[PDB]
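One chain is shown next in structure tokens, namely the form deposited in one PDB entry.
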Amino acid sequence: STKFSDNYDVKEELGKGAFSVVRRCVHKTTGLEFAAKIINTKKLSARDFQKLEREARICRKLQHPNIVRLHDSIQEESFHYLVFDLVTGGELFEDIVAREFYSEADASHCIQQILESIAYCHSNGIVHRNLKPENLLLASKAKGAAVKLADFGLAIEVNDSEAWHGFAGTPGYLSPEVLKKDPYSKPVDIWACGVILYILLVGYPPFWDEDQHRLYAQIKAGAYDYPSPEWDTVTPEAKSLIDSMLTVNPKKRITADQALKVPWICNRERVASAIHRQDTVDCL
């Protein structure tokens, strides 16, 4: 109602879009920090509003450390306030660009988190449909910070069967079944995970062509390779996992639950994560 200005202190602007700005805020009585997406609702089109309602509704259900969580959704006179987790680490996209590419150890940890977020969504009947590095946010700048899934604006709710949910997504990450206009479901997100994993390891995507007819033909055929020298020193296990995700027939494609059990993901190299002294916590 006026439940936002009464309850939160607004701080500095974090970002802006069409019809909205995101500002950091602090809840007054508890001191917890959040990011408030502040939307001018009198200037939203009927479709824009439909998309906001769907995204808030889907987002409110999803509570996992690797999802940017929605904590409150508040309608004031002319503005709507969506109070999300605060993330300060920037997009995974920007981090890949800055680092050029990830070691196998880092890529494995990164895609593990991405797959855990996707497994959690799928177990709750949500298919994201637009997974890409721009939609994955690092919780903070500290190494090991959670990678968190964002932007559920294209997400759909699914049951246990495939359906034609429409042509939507981002071209370099689109799955063959969406490009063929076949009914589809959860596996579309695993194909995008495969694209991301390939990008993590070498810093460029498996499917790239300035002619979109060629690009979509290549995706539909599952036509990609592992060029020298950059792939030369990458393990067969990493490539095999990518192949399992970039499997053209979605019925034969690995699921997120299955991928999380693959040795390359869960065979723990633990010299730098052996036992360590830990401080006591005492909140009594």
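Think of the rigid core as the biggest set of C-alphas that the two forms share within 1.5 Å after superposition. From 1 onward, residues are counted along the sequence shown.
Not on display, but discussed next: the form deposited in another entry.
**Asked** Looking at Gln112, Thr170, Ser185, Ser73, which has a Cα shift of 2 angstroms or more between this form and the one not shown when the rigid core is held fixed?
**Response** One residue passes the 2 Å cut-off, namely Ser73.
Exercise for the section: Establish whether a shift of 2 Å or more occurs at the C-alpha of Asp257 between this form and the one not shown, with the two forms superposed on the rigid core. Expected result: No.
Rigid-core frame, C-alpha of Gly90, shift of 2 angstroms or more between this form and the one not shown:
No, shifts by less than 2 Å.
* Answer yes if the CA of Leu44 moves 2 Å or more between this form and the one not shown after aligning the rigid core, and no otherwise. => Yes; that C-alpha moves by at least 2 Å between this form and the one not shown.
Q) Relative to what is shown, are the Cα atoms of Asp279 and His109 closer or farther apart in that other deposited form, where the gap shifts by 3 Å or more? A) Between the C-alphas of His109 and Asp279, the gap narrows in that other deposited form (3 Å or more compared with this form).
Check your understanding: in that other deposited form, do the Cα atoms of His109 and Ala272 sit closer or farther apart than here, given a shift of 3 Å or more?
Key -> Closer together, which means the C-alphas of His109 and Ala272 are at least 3 Å nearer in that other deposited form.
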